[PDB]
Amino acid sequence: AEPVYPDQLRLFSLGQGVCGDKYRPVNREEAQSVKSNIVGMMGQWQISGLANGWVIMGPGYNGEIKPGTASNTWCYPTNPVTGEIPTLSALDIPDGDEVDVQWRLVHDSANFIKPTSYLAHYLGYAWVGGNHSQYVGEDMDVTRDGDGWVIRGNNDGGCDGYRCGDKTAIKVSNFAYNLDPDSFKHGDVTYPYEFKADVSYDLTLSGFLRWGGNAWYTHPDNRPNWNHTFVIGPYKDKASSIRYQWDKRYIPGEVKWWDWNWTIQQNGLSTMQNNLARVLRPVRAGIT
Amino acid sequence: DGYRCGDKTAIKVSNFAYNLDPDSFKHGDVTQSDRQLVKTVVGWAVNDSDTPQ
């Protein structure tokens, strides 16, 4: 048996026990591993075929797997593609003091604010943007709050929408700088050295979740308030690691904070991984 | 319509206290549950003289 990712499954209707060109029939054991996802991707009274004379039934039957035969068949690609989040080239901040580096980081629109505002929107937060535009993360304001920074939509003038006025906030805090030994460089030897250090921080999202649909695993439906934190840097915990949670989306019992399969279904695989790649882009600062 | 209409003032009521009339208090029966013994003692008091003691 091999791990199965719900986004790769394909339901063929060619013939009994026949898959596509590059496609293998899903096994009864493999179907059991992701039972809830496949049952959620089926109609109420639908029955579909598996390998070795087995059948999966829809929610009306409580998702029972029993011996049988059917015309349809769930198939998995014969050569699955890796859905891992790609890595982008580093972003280098011009030399300066600690607070200057943070200021230049948090005021960048293409490499920040907009990649961070789209993540919050995809996760299901409400009203990510200001009153003077219709697009997410367009009319935003940045303020220095204590030892951190706060980004949120501008709220001047009026707005149309239920509870428009409660705008979600992005809070950046807890910066740290770790030096790597492979960036060493020197000039003449009459010497002046040079290094680059990687920057890490904590990102907090605060706001209320949308009623129509959100990405929390319990899928609350009463518009509750919510605060969550991510660590943009080396792994520290399962709850605050994006890469970890995304890589264990094939184990249903590991899903306890966010449901990334839901986001993939809602928006598509390529867009989600591009956005996550932009959010996790490395950041470096020079030292001399 | 207004500059910051939407930031509305809130009034909070808490910390209630009661000043009783002295001759109006009554209570009913006292009941016990979940009883666990601590200690007990028994004894005798003996008087062998000719007067109460």
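What comes next concerns the included structure. (Residues numbered from 1 in each chain as written, not as in the entry; some residues may be left out. Chains lettered and ligands numbered in written order. Part of a larger assembly, values for the part shown. Heavy atoms only, no water. Residues with missing side-chain atoms left out of burial classes, pairs and counts.)

**Concerning the overall build of chain A**
Phase 1: What chain A contains, in helices and strands, is 7 helices and 14 strands.
Phase 2: Referenced to the eigenvectors of the C-alpha coordinate spread, the extents of chain A come out at roughly 80 × 60 × 30 Å. (Helix = DSSP H or I, 4+ residues; strand = E, 2+ residues; numbered from the N terminus.)

**Details of helix 7 (residues 269-279) of chain A**
Since one α-helical turn is 3.6 residues long, residues separated by three or four positions face the same way.
Phase 1: For helix 7 of chain A, every residue scored as buried is listed here: A:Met272, A:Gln273, A:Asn275, A:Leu276, A:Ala277 and A:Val279.
Phase 2: Buried positions along helix 7 of chain A lie against helix 4 (114-123), strand 13 (225-232), helix 5 (242-247) and helix 6 (260-267) of chain A. (Buried < 20%, exposed > 50% of the residue type's maximum accessible area, 1.4 Å probe, protein only. Contact = heavy atoms within 4.5 Å.)

**Here's the deal with the sheet that holds strand 2 (residues 23-25) of chain A**
Residues and elements named next belong to chain A.
Phase 1: The 3 strands are arranged 1-6-2 in an open sheet whose pairing can be described as antiparallel. Each edge of the open sheet carries a strand with a single partner, namely strand 1 (10-12) and strand 2. Pairwise comparison of adjacent strand axes, ignoring direction, gives a mean angle of 45 degrees for this sheet.
Phase 2: Bridging between strand 1 and strand 6 (residues 73-77) involves 3 bridges; their strand directions are antiparallel. (Pairing = 2+ DSSP bridges. Axes fitted to C-alpha atoms, helices over the stretch in contact; angles between N-to-C directions.)

**Re the packing of helix 4 of chain A against helix 7 of chain A**
Residues and elements named next belong to chain A.
Phase 1: Where helix 4 meets helix 7, the axes come as close as 9 Å, and the angle between the chain directions of the two elements is 135 degrees. Here helix 4 is positioned oblique relative to helix 7, judged by the angle of their axes. With respect to the hand of their crossing, helix 4 and helix 7 are arranged in left-handed fashion. Here helix 4 contributes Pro115, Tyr118, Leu119 and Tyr122 to the contact with helix 7, which in turn contributes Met272, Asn275, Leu276, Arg278 and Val279. (Parallel < 35°, antiparallel > 145°, perpendicular 65-115°, else oblique. Left-handed = near helix turned anticlockwise from the far one by under 90°.)

**Digging into unusual backbone geometry**
Residue and element names in this part refer to chain A.
Phase 1: Positive phi is not limited to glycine here, since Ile113 has a value of about 75 degrees.
Phase 2: As for its placement among the helices and strands, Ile113 is situated in the loop between helix 3 (98-106) and helix 4.
Phase 3: Not every positive phi belongs to a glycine, and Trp127 is a case in point at roughly 60 degrees.
Phase 4: Here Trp127 shows up in the loop between helix 4 and strand 8 (140-145).
Phase 5: Looking at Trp127, the relative accessible area reads 34%, which means it is partly exposed.

**Some remarks on the pattern of salt bridges**
Phase 1: This model, assessed by the stated rule, comprises 9 salt bridges over all chains.
Phase 2: Salt-bridge contacts for A:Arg249 lead to A:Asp7; the nearest nitrogen and oxygen are separated by 3.5 Å.
Phase 3: For A:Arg249, a relative accessible area of 8% gives the class buried.
Phase 4: On the basis of relative accessibility, which here comes to 29%, the residue A:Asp7 falls in the partly exposed class.
Phase 5: For B:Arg4, the salt bridge is made with B:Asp7, and the minimal N-O distance between the two is 3.1 Å. Here B:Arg4 and B:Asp7 have matching classes, each one exposed.
Phase 6: Sharing partners across several salt bridges, the network here consists of A:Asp180, A:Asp198 and A:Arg284. (Salt bridge = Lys/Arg side-chain N within 4 Å of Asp/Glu carboxyl O.)

**Side note on helix 3 of chain A**
Residue and element names in this part refer to chain A.
Phase 1: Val101, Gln102, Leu105 and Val106 are the residues of helix 3 that are buried. Buried residues of helix 3 fall within an arc of 120 degrees about the axis and therefore sit on the same side.
Phase 2: Residues of helix 3 that are buried make contact with strand 7 (91-93), strand 8, strand 9 (148-153), strand 10 (169-179), strand 12 (193-208) and strand 14 (283-287). (Arc of directions from axis to C-beta.)

**What to know about a nonpolar patch on the surface**
Phase 1: A surface patch of nonpolar side chains, about 840 Å² in accessible area, is lined by B:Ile11, B:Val13, B:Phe16, B:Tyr18, B:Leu20 and B:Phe25.
Phase 2: On the basis of relative accessible area, B:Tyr18 is assigned to the exposed category, the value being 67%. (Patch = residues over 30% accessible without salt bridge, like charges linked within 9 Å, V, L, I, M, F, W, Y side chains within 5 Å. Areas by Shrake-Rupley, 256 points an atom, 1.4 Å probe, with all protein chains shown as cover.)

**Examining the packing of aromatic side chains**
All names here are of chain A.
Phase 1: Summed over the entire model, instances satisfying the criterion amount to 11 aromatic pairs over all chains.
Phase 2: Ring centres of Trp45 and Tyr61 lie 5.1 Å apart, and the angle between their planes is 85 degrees; this geometry places the pair in the edge-to-face category. Pair noted here: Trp45 is in the loop between helix 2 (35-40) and strand 3 (47-49) and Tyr61 is in the loop between strand 4 (54-57) and strand 5 (65-67), with a separation of 16 residues, a long-range link.
Phase 3: For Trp45, a relative accessible area of 56% corresponds to the exposed category.
Phase 4: Using a relative accessible area of 34% as the deciding quantity, one classes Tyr61 as partly exposed.
Phase 5: With a centroid separation of 6.4 Å and 55 degrees between ring planes, the pair formed by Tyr193 and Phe195 is classed as tilted.
Phase 6: For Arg144, the ring lying beneath its charged end belongs to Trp149, and the centroid distance is 4.6 Å. (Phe/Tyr/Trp six-rings, centres within 6.5 Å; stacked < 30°, edge-to-face > 60°. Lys NZ or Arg CZ within 6 Å of the ring centre and 35° of its normal.)

**As for the side chain of A:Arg249**
Phase 1: Secondary-structure assignment places A:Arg249 in the loop between helix 5 and helix 6.
Phase 2: Once residues within four sequence positions are removed from consideration, A:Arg249 is found in contact with A:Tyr5, A:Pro6, A:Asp7, A:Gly83, A:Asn261, A:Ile264 and A:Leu269.

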